[PDB]
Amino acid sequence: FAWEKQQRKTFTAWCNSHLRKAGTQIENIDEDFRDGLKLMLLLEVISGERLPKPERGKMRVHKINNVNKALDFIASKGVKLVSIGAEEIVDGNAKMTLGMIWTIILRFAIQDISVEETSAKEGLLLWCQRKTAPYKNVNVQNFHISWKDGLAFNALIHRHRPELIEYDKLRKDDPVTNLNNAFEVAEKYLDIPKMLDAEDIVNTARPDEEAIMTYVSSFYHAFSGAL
């Protein structure tokens, strides 16, 4: 669907926000993980742990072996992999590749989030509801339509860094302006790379929730070193 365009953009940007720390980047998410090398690198950055030595030989076995090293590692963190195999990743299955990157985001960015007595996706939601409670015209109830007008992004940033956001200036019926304001402020001041397209968000009835959770989780981690 339009899910796929959104996820390609967001998951690439998310991966790159981590790969920069390992001195590299991907450009094409359905080509650039096929040899398994940057996939293994990504896992090393986000876990802080070393994976086995990759094979650099460029034959299909090597790439399969590299991708299995990555999958075996994800599984060692208690992930039950579903409908993901190394051959299909190496062979460029785009939907499966997106699925595998989401699995990685969920485990390594989301799962360990702990807020009051809730964790993971539920904990990330409660955190957003707590931080945005007093803000006019914000009501976070999900990771889709709640985020679509741009105000919750701005409220979330304002609650931590009020000097960066003029919240009262923002118009609910001006969602593209609100979205770009938050995206730009986060990129410049919080070192959170842009992962969402304002137009896509506004021009979709229901924005992709995986893509929204991915971006919001990076806000959670930017703001977690405080207090």
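Numbers follow the displayed sequence, beginning with 1.
101-109 and 121-129 differ in mean CA B-factor, and the higher of the two is recorded for 121-129. Stretches 160-168 and 176-184 differ in mean CA B factor, with 160-168 having the higher one. Reading the B-factor column for the CA atoms of 151, 96, 71, 82 in the entry, the top value corresponds to 82. In the PDB entry, a CA B factor belonging to the highest third of its chain's modelled residues is recorded for residue 201. In this PDB entry, the Cα temperature factor of residue 57 sits in the top third of its chain's modelled residues, the highest group. Residue 115: CA B factor in the highest third of modelled residues in this chain (values from the PDB entry).
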